[PDB]
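Listed below, chain by chain, are the residues.
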Amino acid sequence: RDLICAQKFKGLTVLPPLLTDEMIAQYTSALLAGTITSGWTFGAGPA
Amino acid sequence: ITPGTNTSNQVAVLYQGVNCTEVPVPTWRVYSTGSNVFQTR
Ligand SMILES: *[C@@H]1O[C@H](CO)[C@@H](O)[C@H](O)[C@H]1NC(C)=O
């Protein structure tokens, strides 16, 4: 077997994160859109 | 998963590392199983 499955049989597990890669990508896209279309006004108040 | 004892007593069991097919339901005596199953990551 691989290394990930060999550790589960010894009690060692890996819990998945709450925010997936898609949500982080959407957050980064929103930040880029706010920085390009508004600049720094979206960090203080309305865009 | 508990919404709080001050609100209700309904709970939700989250078996970690399963596929909704190897659930046990001296053999890990059965608990309150939910009929609304949903497979997550
Ligand atoms: C989990 O179940 C789904 C559908 O039943 C299947 O496609 C998938 O291969 C299963 N994964 C494992 C690790 O058994």
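Above: the structure in question.
**Student:** I'd like a rundown of the overall build of chain B, residues and numbers included.
**Tutor:** Helix and strand content of chain B: zero helices and zero strands. The principal-axis extents of the C-alpha atoms in chain B amount to approximately 35 × 30 × 15 Å.

**Student:** An account of a nonpolar patch on the surface is requested, with residue identities and associated values reported.
**Tutor:** Together, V13(B), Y15(B), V18(B), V23(B), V25(B), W28(B), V30(B) and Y31(B) make up a nonpolar patch on the protein surface, roughly 760 Å² of accessible area in all. Taking relative accessible area as the criterion, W28(B) reaches 45% and is therefore assigned partly exposed.

**Student:** Let's hear about the packing of aromatic side chains: which residues, and what values?
**Tutor:** Residue and element names in this part refer to chain B. Under the defined criterion, the tally for this structure stands at two aromatic pairs over all chains. Ring geometry for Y15 and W28: centres 5.8 Å apart, planes at 70°, overall edge-to-face. With a centroid separation of 4.9 Å and 55° between ring planes, the pair formed by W28 and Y31 is classed as tilted. A relative accessible area of 55% means that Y31 is categorised as exposed.

Scoring rules and cut-offs
- Residues numbered from 1 in each chain as written, not as in the entry; some residues may be left out.
- Chains lettered and ligands numbered in written order.
- Part of a larger assembly, values for the part shown.
- Heavy atoms only, no water.
- Residues with missing side-chain atoms left out of burial classes, pairs and counts.
- Helix = DSSP H or I, 4+ residues; strand = E, 2+ residues; numbered from the N terminus.
- Patch = residues over 30% accessible without salt bridge, like charges linked within 9 Å, V, L, I, M, F, W, Y side chains within 5 Å.
- Areas by Shrake-Rupley, 256 points an atom, 1.4 Å probe, with all protein chains shown as cover.
- Salt bridge = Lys/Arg side-chain N within 4 Å of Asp/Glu carboxyl O.
- Buried < 20%, exposed > 50% of the residue type's maximum accessible area, 1.4 Å probe, protein only.
- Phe/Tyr/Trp six-rings, centres within 6.5 Å; stacked < 30°, edge-to-face > 60°.

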